[PDB]
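Take a look at the following structure, please.
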Amino acid sequence: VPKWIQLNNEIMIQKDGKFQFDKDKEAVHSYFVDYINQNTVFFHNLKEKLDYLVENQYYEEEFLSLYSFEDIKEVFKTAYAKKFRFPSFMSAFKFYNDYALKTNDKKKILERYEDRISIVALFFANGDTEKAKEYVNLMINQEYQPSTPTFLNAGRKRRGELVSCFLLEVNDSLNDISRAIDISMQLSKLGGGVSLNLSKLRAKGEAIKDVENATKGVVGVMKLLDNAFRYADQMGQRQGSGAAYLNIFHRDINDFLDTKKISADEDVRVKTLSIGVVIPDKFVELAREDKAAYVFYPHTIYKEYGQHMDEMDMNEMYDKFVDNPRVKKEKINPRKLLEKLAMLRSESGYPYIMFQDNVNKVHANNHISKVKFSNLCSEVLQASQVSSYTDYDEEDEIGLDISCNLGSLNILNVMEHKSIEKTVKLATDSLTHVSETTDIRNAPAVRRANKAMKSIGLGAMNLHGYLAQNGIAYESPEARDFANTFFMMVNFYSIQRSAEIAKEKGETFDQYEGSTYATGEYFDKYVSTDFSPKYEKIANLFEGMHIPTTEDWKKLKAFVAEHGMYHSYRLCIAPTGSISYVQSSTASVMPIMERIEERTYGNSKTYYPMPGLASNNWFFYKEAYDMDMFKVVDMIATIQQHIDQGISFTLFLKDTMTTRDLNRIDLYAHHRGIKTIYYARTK
Amino acid sequence: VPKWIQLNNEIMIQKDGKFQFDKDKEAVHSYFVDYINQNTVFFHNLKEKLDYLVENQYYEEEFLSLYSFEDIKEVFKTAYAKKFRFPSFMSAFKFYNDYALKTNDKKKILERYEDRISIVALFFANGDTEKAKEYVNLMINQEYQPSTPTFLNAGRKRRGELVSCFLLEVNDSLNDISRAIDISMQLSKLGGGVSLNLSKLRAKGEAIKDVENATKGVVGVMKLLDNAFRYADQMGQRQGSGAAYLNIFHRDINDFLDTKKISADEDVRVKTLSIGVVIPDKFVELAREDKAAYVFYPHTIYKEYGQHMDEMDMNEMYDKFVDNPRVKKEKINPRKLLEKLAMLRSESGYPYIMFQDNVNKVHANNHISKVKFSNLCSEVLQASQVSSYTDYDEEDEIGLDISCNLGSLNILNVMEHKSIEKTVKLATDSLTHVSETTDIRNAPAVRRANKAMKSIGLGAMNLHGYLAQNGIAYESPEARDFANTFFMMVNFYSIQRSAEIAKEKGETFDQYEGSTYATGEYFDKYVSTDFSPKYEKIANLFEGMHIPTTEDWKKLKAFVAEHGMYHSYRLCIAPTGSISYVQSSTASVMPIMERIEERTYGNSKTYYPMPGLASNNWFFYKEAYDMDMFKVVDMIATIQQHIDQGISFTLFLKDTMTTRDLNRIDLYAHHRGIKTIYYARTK
Amino acid sequence: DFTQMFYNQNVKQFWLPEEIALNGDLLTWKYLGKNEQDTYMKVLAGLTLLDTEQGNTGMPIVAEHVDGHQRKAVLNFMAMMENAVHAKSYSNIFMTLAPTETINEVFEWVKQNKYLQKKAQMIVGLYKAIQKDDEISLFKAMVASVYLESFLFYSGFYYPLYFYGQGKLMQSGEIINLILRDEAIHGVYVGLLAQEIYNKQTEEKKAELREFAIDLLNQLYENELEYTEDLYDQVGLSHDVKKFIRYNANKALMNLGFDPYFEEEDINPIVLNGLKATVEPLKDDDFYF
Amino acid sequence: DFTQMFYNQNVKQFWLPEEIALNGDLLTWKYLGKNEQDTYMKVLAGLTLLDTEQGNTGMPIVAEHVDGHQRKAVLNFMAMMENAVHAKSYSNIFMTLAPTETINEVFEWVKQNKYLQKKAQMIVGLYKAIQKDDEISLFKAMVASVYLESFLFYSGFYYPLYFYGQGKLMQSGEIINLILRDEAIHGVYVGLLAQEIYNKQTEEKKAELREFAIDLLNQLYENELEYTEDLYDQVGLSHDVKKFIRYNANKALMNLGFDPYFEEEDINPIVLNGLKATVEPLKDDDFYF
């Protein structure tokens, strides 16, 4: 057992009835005195290091060639002047095991934290030394964290794509299904998580070229996609991850759900394909009134109306579908379906729940399309247009496939530096740069939507960490007040930066003129409701920072009207799995699952306390499972009212609560305006 | 139970110790006087029938519009003038259950045998009334039988494709793999059996752009193809059938074979994809000498030499592969691999065995490409060039994917009518028409190969029926002499018709100038060796027909040199599974499995005696399992010497014999020049 | 070729009575007529009584005489489901819908009922006739077992499925559907074990075993028709129940590798809505001819 | 007074080996000496044999002779655990850690090992000697079963527990602890049934039954000593294991209502350190907030 691992395991050993949290710090020192410095490759000067990394195909020549060597050296010096120290052993371990650049033999460390941050900053700035230094100060203060793809791969020649969330629309044809399989394989090859909408696909027992009972339904397509994702597994590094979304009014919805049951046969169950269910308000109304619902055959609806079932508003179309004899449908019990969803989420955490009307009643780009499905993490909610992939030697009709750009603000570090505006604007600029530098040659609709929509996702993390280190309970009304104010400022500065980029470049996102930003509707609740903190403690937390008022929001609305907005979507709160360790932050805006987490690496045990955990804030670091899920829903809705896309919202349940409690949480989330529900993790 | 069912079951009720074969005839009468005539749909005249079939989307109106109604009436009258009667109940039952056109609800019979034959003939003639009458006389005499796709689907609006088998070359890339999956689904949707050569795909543990041990090998692609064929299953009517072919020198050859082991795990086992193994002469030489062999990693060979492992001759490059340190290889025991092949064929009948050198030592189009794999029935052996399917928005390099149209001569009916020449020429014309009117819009390499190669497959059926009905034992040297003479005549007249078509159209198949037809090498054994019958009985059997001599072959060689050949490939002997029932013929050139076969249909059981089975020819209808497989190999080699493509050669084994006997049969087949071995069916 | 696959499917279908809350059935039970309640009670008792024989005798006796450790384990698992899961589930349904005195009376009636007794004793008779090391007697018992699992239960299952397909008695209908799903796989599995024995027999012995199976099916079928009229005439359903019996008889025959006996019929849509060669090394000189 | 609570405990303890991922033991296994791996394989193989016979024969036969549907349901469930869960789990462990040839060899080794054959002969002989309606033959078989559950398994259990307690082979060890947790309740339950029969006897008959139980225990014990030495001498642990089996022999006697027979000894402290969701329907009030 290594010395740093012993020093880390000494945390659980209680002295005077208290955990030895400070010992973790010592572990970090050991982890750097015994391992990191010994296995870190050192060079006589930075010029030699850069030459070795470029020549050995570690870095890219293009992004480094935009700067003189003096500017690169100045950026590296700015990164190293902070003298950044990892506060916990797990932060440094996760960085140097997951993100630090290693030799081809994987035994030496080529990149420190400062080196990786400097390289990512130089990639972000695209030739501006001052902008690169600003990015270096942003990331070394740990105010902003690029996502795992961006942080890991920026500036590296041997790399995947910087985007890892991809949403694909699948049209109801064999050509479109095969193209979707191909694109899923290509994007999993790039290292991205792929979500596919299967609602347009006709159900099982439908007609193919006017022969009856011929379609295999969406379950056969799910089997094909599951095989494709198993095959494309990042060159045998990570398990291929894919998601499939189906509307709850699709007839296959039960069989869809049956793919996640343990009792399902081998020809029914898909193991590497996550599933999500899109639930329109009509289904919730039918379940609430206990009226029996109807699941429709999509192809009959398409033949009758010329549009797909998921392309029209089910609230106004459901009665017409039911009363139409030419539309084929099957009787179901919506309450039984809700109970089945709750039971499946209890067993396996699936499916993801998308409340379609909750997403689309605040969607700014409904003119382009309504949000029909979400991503693999159930937080990307954007307009998508299906593509018509025709036969060979025939021109395809390329639509819009969602691929947003991830990046997370560290709420604790951002707010302690009183730099919400600067961090949000710099993160928006970096996300815009990464979106502009993304070029996928095997996903035509993804590339077209990236060029047109210019959608980015700016998330936040360390919400619970910040609240606990400031003596605020996550379920307290003060925490929701802080979240409201902080995320309203984040939205304000994100919109301001998007409008500034649109003014500078002279271009907005495609079909912006029809958006609620152009019409000013988006700013309605912002020009009438003041989002300043209602509690003195939160106001003192925001001291030293200008909180945008209704007049500031009116000025921003006028600015957007005059200049437009560059990004169709700006904010989405991703789970932030492993980057939260490196940043010493709690994951996403979720409450912490455990105060101290026990992990097993190799044959060794390691202990990670939550950041800033001590005896004084032990009570404020309440575990997520012990919390009331209604108050967690309230906080997530408070944040969601300022996020244009969704939030990865995992439910944290105890083994005691039943499926009725899960359904109640889901229905309260639907009532409170929650757009997506990610997971049902049972303790 | 139906009356005809009782009459057919009365065959096995012996009277005076003999089977009541004549009862079978009675059954057909019943089957027509109680079911077919009552279930048939009669019109006032042919005009109303044709109009009803045209407007109700049963028939394509284009092929019928090329004839005036008087000509169509004359063709139908020619078909009905023969007064064709089905001699056995099973012939009529199979036609009216599998090939006769029924209504949309399948409650009535719209097409008689004469109606189907007339429609197929009118489609074949393409506006020529005299040619349509010739086709009608050829098919109503049952001298020639179009394949099941062509016979069933010719002239139908709801038809599929007329091509039975498709062969795809899969290049070593994710884009090519995805395109192969798409094309396999498209062609299975069209109803054709798809064969894919996986020998170019790099083995398991190869590098995908400098990251090693990343590839899943051919087994992952096999699983993808298996799921694709499961999904595309002819709209749920016929199970999707696919074939995978791998060279025996591929490193994955064991894992490949492990897909068919009955103890294979679900993550490896493949159940809807047939497997074939391509064995060069080098492997047989290594096994014979007991020298340990080496299987190779295709990607290392491609990197070192710039060509795929199956793209070059292993007999001359195996030592270079072994001595090359930059080529990666694994040690295997070739005798152990042969024993594994024999055990697998005993257990499940797989893999198909393709003796590559036996195919390519007489292959006439080696300049275009060597034959690297076979079809799903292991009888199509043609040159194929792999396609380079590139990224989206990039032009693809379209290669040649094999596809040929099947058609079988009924040997008994052809020789009874003394019309080898006329039947062969008319069948060649019909297959040329089927190739010309075939246009597949989702398989580009298949379309290009169909347009360029113009390859057709003219098979033969009722070899054993003709031999047994003429008092010739199938294993006798007289039977092999008859096969030699008959198939030399078939080859002569097929080459003559191909050259005549090339002369009349002024065009040959692509790259004909480099073929052995153009250089005259193909005719060598035909201009030096006489293939006239060596037995007086066979010569009497061939009386009334001009058997080509060496002078006729020299004249044909000069004619080909002057005019060329329209078809790259002309003769391939398919299994002819279910259409042999309608023709009252034994399946293909294979010996009969059983004298009387008991088949269960619905809740009833039926007995089909072999065509012409009686007391005097009971022992001439020797069952295949009771026959010496070495003499069957001799027969198949004798036929194969006159067939440019392969023959679907099924091995018929007894349970008592061991895997060593199967290996001996395989090695004798390789020694005798057998190109492919189809199945190892054990009694 | 099949036991490990069936092992997997069996264990992944594991369930417990407690998982389904039954009390909400009282909200539809109270609205049924006396004849509907009477038929339901009688059908339920019929299923209960037959399933007890299968748990106490049918599955354990077959497990005893079948050779093979893995087969014995699967058979043990199936016996467990009969005794520990199914029997408790039937009891739970009864205790929810009827008071103790009513349950005792229904079981007294069904215990004396001529058509229920005829089939119960016919099946039990074949289980009692199995002789050690006699595969013919084992096969006959397996046929009886398949007929119970895949055929005889279905005159009973009809009614809960009929209600379940209409939105009535949904909790007990869910339980019945889980039970039925277990009996289906039990029937298929025992069917494969019977075919294994059948395939080891001569042609004359096979024909004799086929005659046995068809004769037994006929006896049971004629009694099922009487059983059906006795229970279902009072609620007007017998015609449709008879179609369901024949359809399931055909499934039972197919489980035993036999042809269907009855013509194909459509089923009531409400019920539908509810529903190794010897390895010898190459010796050389086999490469030369 | 006890069957219902045993029924509930048994069904709530239900598990499958596939719930435990075993690839985590790969390295600590690789690191053991050849002697240690050999003893470990053989130990688990001896356990597999015992569970094979307990599942195939012991539990089903006792179930057959014990009266009462609930008692039979518990015994049937225990039988299923023996062969469908316990015996199979050992193969999961073997298939993870060992190559096929080593697995084949250890199963061949059980067939020819004289101590393992003797203990199987003795235990299974008593199971097969049970006579219908003869409570004394049944008691004797229940004593044999308690000795298998609570004594004989323990020469085998020692080694996985010994490793678990040192933080080695902890995934395999987790499986073994689940098996041990089951056998402990199986031994208590069968012990209570045996005591029921014993308590019906005259004092003279009781005296003979104690003689039977003690003679049988001593005979099994003497054989187990030789088995223990044969397996553990190569890893240096025979004396320690012997103390453990004596400890557990006393627990078996206690399960039978008898006084401890061996004196107390200090057991290796390492070995001591080695030791669907509920568904409610949705109310109309859950849709409003």
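Chains: A, B, C and D, in written order; residue numbering restarts at 1 for each.
Here is the rule we go by: a residue touches a chain if its C-beta (ideal position, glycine included) is under 8 Å from a C-beta of that chain, and two chains touch if they have at least 3 such contacts.
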| item | value |
| --- | --- |
| Which listed pair, A-D or A-C, duplicates the contacts of B-C in over half of its pairs | A-D |
| Of all other chains, the one whose Cα centre sits farthest from subunit A | B |
| Distance from subunit D to subunit B - Cα centre to Cα centre, in angstrom | 61 |
| Whole-Å separation of chain centres (CA-atom averages), subunit C against subunit D | 34 |
| Centroid distance [mean C-alpha coordinates] between subunit D and subunit A, Å | 50 |
| Computed distance of Cα centres, subunit C from subunit A, in Å | 50 |
| Where subunit A touches two or more other chains, by residue | none |
| Residues of subunit D engaged with two or more neighbouring chains | 276, 278-281 |
| Set of all touching chain pairs, with the criterion as stated earlier | A-B, A-C, A-D, B-C, C-D |
| Subunit A - residues contacting subunit C, complex | 262-265, 292, 331, 333, 336 |
| Subunit D residues touching subunit A - in the complex, by the definition given at the top | 24, 27-28, 276-284, 286-289 |
| Subunit B residues within the subunit A interface of the complex | 158, 174-175, 177-179, 181-182, 185-186, 189, 208-211, 213-216, 220-221, 223-224, 227-228, 230-233, 235-236, 266, 391-394, 441-444 |
| Touching residues (chain side subunit C, partner subunit A) in the complex | 9, 12-13, 167, 170, 273 |
| In the complex with subunit C, residue positions of subunit D that touch it | 7, 11, 14, 16, 52, 55-56, 60, 63-64, 69, 72-74, 76-77, 79-80, 82-84, 87-88, 276, 278-281 |
